[PDB]
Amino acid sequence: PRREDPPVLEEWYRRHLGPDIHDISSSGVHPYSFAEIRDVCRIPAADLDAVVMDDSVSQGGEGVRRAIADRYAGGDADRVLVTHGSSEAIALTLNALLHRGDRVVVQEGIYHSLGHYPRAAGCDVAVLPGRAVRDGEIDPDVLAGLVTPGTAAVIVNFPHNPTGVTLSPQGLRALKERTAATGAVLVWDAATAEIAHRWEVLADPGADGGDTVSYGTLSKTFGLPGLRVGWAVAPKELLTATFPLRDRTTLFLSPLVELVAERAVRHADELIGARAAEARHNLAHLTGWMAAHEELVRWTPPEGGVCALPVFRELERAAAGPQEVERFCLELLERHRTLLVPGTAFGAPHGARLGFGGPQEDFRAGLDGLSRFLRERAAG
């Protein structure tokens, strides 16, 4: 068999998800039960039972496309592609968009699949450093100097998994001005767009009707990672260009899943709202906890989404092999029943992803486990 290393993030979860743990590691809000979905999204059993289990269509079912378009594409259902998670939307669209030798600017520490496709296509990749994004804007000098005339694409995820850094409306305006000026295609992964802490929720660039590619998903802010539904918003020409690859990989989605997805999107405010309130309660708690532990841990406060990247000063002050944070997280898990994702999953060897979108009581228990672990290490 052809050997390739799996991404660190997904391998970590294959090995360490399990029973009797405090999972404070996710970039998403905790999942709804199907019961709760039927209640909130008003899905009578009769509506499900009526679905004929036949083929759907290559672009995604019209009903689910329309629901997504009304929210993120300015009402244009022709500019939505409905996929098996946003994972599939990324794979399909980046395969069609990116060409060998294209110059592409990619955010530092971006979700693995977004970093993979430009490499695989043989693009000339330039990295936009994380430090260049602060207070809601990309540093103007860096923006102008990295995104240059003839750049093919700029690929970003805001709010950012795992740091929670995001843009303000002004910051996004400036980014769109520069991609317009240079002819670059903005590729905008908006997985966690619906939860913003510092500024307002950012309008999807896909609503403009131009040459941008946007992603979203039900996995991170809707409580539906296990529905496996995401999307791209992009010009129809790009979306139809994905069909040859879709025809040899997934064909199309299930009409049963598409019914549930349409209803979820139509009730987005309810699904997101309940979970976002819980996430905000946990973030308040986390803010105090971080302050109380400032001698041992530092961070950038998250500005959007439901996770952050605390940095453990012990790992920096020694600056050990980058594997050290993996061993830290393994020991935290085994001794204190508490799960983070080691920063090696995100190109951040001194930090770990800490999620605050999970249930409140378990979140506090996870924080207690980590506090005890940190104290043990500081002492002795």
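Residue positions are given as counts along the sequence shown, with the first one as 1.
Novice: Comparing 153-161 with 198-206, which has the greater mean CA B-factor as deposited?
Specialist: Per the PDB record, 198-206.
Novice: So which stretch wins on mean C-alpha B-factor, 80-88 or 255-263?
Specialist: Stretch with the greater average CA B-factor: 255-263.
Novice: Whose CA atom has the top B-factor in the entry, of 330, 319, 53, 68?
Specialist: Reading the PDB entry, the winner on C-alpha B-factor is 319.
Novice: Of the choices 224, 238, 120, 186, which one's C-alpha carries the largest B-factor in the record?
Specialist: Within the set 224, 238, 120, 186, 120 shows the top C-alpha B-factor.
Novice: Of the three thirds of its chain by CA temperature factor, lowest, middle or highest, which one includes residue 111?
Specialist: According to the entry, residue 111 has a C-alpha B-factor in the chain's lowest third.
Novice: Can you tell me which third, lowest, middle or highest, the CA B-factor of residue 28 falls into for its chain?
Specialist: Lowest third of the chain for residue 28's C-alpha B-factor.
Novice: C-alpha B factor of residue 343, ranked within the chain: lowest, middle or highest third?
Specialist: According to the entry, residue 343 has a C-alpha B-factor in the chain's lowest third.
Novice: If you rank every modelled residue in this chain by C-alpha B factor, which third holds residue 217: lowest, middle or highest?
Specialist: According to the entry, residue 217 has a C-alpha B-factor in the chain's lowest third.
Novice: Taking the chain's C-alpha temperature factors as the reference, tell me which third residue 309 falls into: lowest, middle or highest.
Specialist: According to the entry, residue 309 has a C-alpha B-factor in the chain's lowest third.
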